[PDB]
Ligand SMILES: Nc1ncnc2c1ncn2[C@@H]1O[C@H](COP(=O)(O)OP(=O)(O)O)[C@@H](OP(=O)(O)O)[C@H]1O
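So this first bit is one chain, no partners, the form solved without the named molecule, shown in structure tokens.
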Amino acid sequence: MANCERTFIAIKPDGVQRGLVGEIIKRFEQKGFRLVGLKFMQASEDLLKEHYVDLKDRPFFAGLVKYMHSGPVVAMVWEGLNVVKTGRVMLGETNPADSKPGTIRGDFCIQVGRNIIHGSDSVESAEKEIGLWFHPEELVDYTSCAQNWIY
């Protein structure tokens, strides 16, 4: 079903450092989304280079990979109706001056470069990102959506 849609959400090293892991997870929880993947990791540069490949050229890339490599990240896969579209809305617009109070970036980050959180911008982008961060065994299902989430 469409209610088997999945999105990738990462909490970057400053989100963790500022003790926001509980608060962020809790927001998805009370929305009514289902957790299907959760993992705490030190991301390899390889992974980060691949993740940020579309920007492998721009000047900021090096320091950006460095930031993400610099601390633990929380990797998450959340499941539910329009979870990609709604998920971006819950995060707020990427720019931390356009982010409205009540969204995550809205209530919580100021710095545009070294922010708190990432979200998939499309269903395609999510599948790509879930592939990259998660092995298929680390995705637990029990929502009988696993048999529908094929592409």
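For clarity, a rigid core is taken as the largest C-alpha set superposing within 1.5 Å between two forms. Residues that one form lacks are left out of the comparison. Residue positions are given as counts along the sequence shown, with the first one as 1.
Separately, the form deposited with the named molecule bound exists; it is not shown, and the next lines address it.
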ask   = Looking in the deposited bound form, any heavy atom of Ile117 within 4.5 Å of the named molecule?
value = yes
ask   = With the partner left out of view, is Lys26 within 4.5 angstroms of the named molecule in the deposited bound form by any non-hydrogen atom?
value = no
task = Consider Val53 of the chain shown here, and say whether it contacts the named molecule in the deposited bound form, taking contact as heavy atoms within 4.5 Å.
result = no
query = in the deposited bound form, does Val112 have a heavy atom within 4.5 Å of the named molecule?
reply = yes
remark   = Of the candidate stretches 79 to 87, 59 to 67, 27 to 35, 40 to 48, the one with residues having heavy atoms within 4.5 Å of the named molecule in the deposited bound form is 59 to 67
inquiry  = Core superposed first: is there a CA shift of 2 Å or greater at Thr143 between this form and the one not shown?
reply    = yes
message = Closer or farther: the C-alpha atoms of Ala146 and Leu48 in the deposited bound form, versus the form shown, with a change of 3 angstroms or more?
response = farther
CA-CA separation of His118 and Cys145, closer or farther in the deposited bound form than in the form shown [shift of 3 angstroms or more] = farther
note = In terms of 2 Å or greater CA shifts after rigid core superposition, the runs of three or more consecutive residues between this form and the one not shown are 57 to 59, 143 to 151
